[PDB]
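J.: This one is an experimental structure. Sequence first:
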Amino acid sequence: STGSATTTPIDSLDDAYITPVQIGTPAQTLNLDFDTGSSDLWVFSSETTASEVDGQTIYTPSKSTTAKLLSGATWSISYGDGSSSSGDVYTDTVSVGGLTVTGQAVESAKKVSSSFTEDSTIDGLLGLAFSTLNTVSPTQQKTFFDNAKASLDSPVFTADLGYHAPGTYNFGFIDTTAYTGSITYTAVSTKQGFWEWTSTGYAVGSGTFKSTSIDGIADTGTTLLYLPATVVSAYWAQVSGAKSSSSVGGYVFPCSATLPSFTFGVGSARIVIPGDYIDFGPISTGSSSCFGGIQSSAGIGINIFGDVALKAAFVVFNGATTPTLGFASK
């Protein structure tokens, strides 16, 4: 089997991407944030504290004839941005782009943190990291990909995120028309539960490539590109007037600037992030100070190849017995 679904930016800055997901019988369609940096499929629901729901579409298990309470199971998760959610668990039928899993753990939120409430466009998350990170207790549950894998034509999914435009998540096949040149594959460590890999280096604008190993995660659920302070300083040094602002919480730059590109290495291959992908706009409405899309990972404890990086590539998440990641230009 295969599936294919369009993923759409939630706003004009590509802060995140939503993909429609069919849950239950009859289908209830919710728009979920596909997140290769976590492993829980959770949704706003009829069980969510009413004051914490503000415009989201909810899953109502009582209206699904295939929903079953997973007795005794609870979940609770926190993300890198300090947001969180928790609740109980149903199993139900879940379909993405024509690909159906029966008995998928659908984690129903009883509580969500303010950032989720305040974002009307995201109805929940669909985790695509390794199932070892799944938070369901006392019986850990499998991700949608993990459940689908054996049925897929090939045990892979691909992320093709757009810049200020829709893109595609495919399951079970590689669309050879969706990228240019070749896909370069690189090793993955699953030791921390993430799609963790090692970039071979970077360049800033038209500058020379620096060969250096950069361990990080391919994370569709993180907006920006978070790299070591040395790398980030080298990037922003090429932008006149750019500075790290403690008050804003990162590098900012004059909105009048033309940003240089940023290249990262995948083996001997190179992925180029155009300068425009690194502009996240005014820090506040009407400001001429703009927020940068490349930020320091110092104090995160890990480097994160988030959407800024991934949207410059066609990315293969290869879930073979020994997982690997593939990157192609597009």
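T.: Sure thing, it's come through. Numbers count the residues shown, from 1 in each chain.
J.: Any buried residues in stretch 45-63, and which?
T.: The neighbour-count check on stretch 45-63 (16 or more other CB atoms under 10 Å) flags 45, 47, 48, 52, 53, 56, 57, 58, 59, 61 as buried. For the C-beta atoms, the positions are set from N, CA and C on the backbone; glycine is no exception.
J.: got it, and stretch 8-23?
T.: 8, 9, 10, 14, 16, 17, 18, 19, 20, 21, 22, 23.
J.: one step back: nearest to residue 88, of the buried residues of stretch 45-63?
T.: residue 47 (7.0 Å; CB to CB).
J.: Let me see the contact set for the closest one.
T.: Applying CB atoms under 8 Å, 6 or more residues apart in numbering to residue 47 gives the contacts 61, 87, 88, 108, 109, 110.
J.: One more pass at 10 Å, please.
T.: 58, 59, 60, 61, 62, 87, 88, 90, 108, 109, 110, 111 (CB atoms under 10 Å, 6 or more residues apart in numbering).
J.: follow-up on the earlier one: closest to residue 231 among the buried residues of stretch 8-23?
T.: Closest to residue 231, out of all of these and judged by CB to CB, is residue 14, at 21.6 Å.
J.: mind checking how far the residue nearest the centre of the chain is from residue 106?
T.: Central residue of the chain (CA atoms, centre = their mean): residue 220, 1.8 Å from the mean position. According to CB to CB, to the nearest Å, residue 220 and residue 106 sit 20 Å apart.
J.: before we move on, what about residue 82?
T.: Distance from residue 82 to residue 106, by CB to CB: 25 Å.
J.: ditto for residue 230
T.: In terms of CB to CB, residue 230 sits 43 Å off from residue 106.
J.: Looking only at neighbour counts, state which of these two leads.
T.: residue 106 (29 against 11; other CB atoms under 10 Å).
J.: hang on, the more buried one in a strand?
T.: Yes. Under DSSP: H, G, I helix; E, B strand; the rest coil, residue 106 falls within a strand.
J.: who's in contact with it?
T.: 21, 23-24, 30, 40-43, 45, 59, 61, 64, 67, 70, 89-94, 124, 126, 141, 144.
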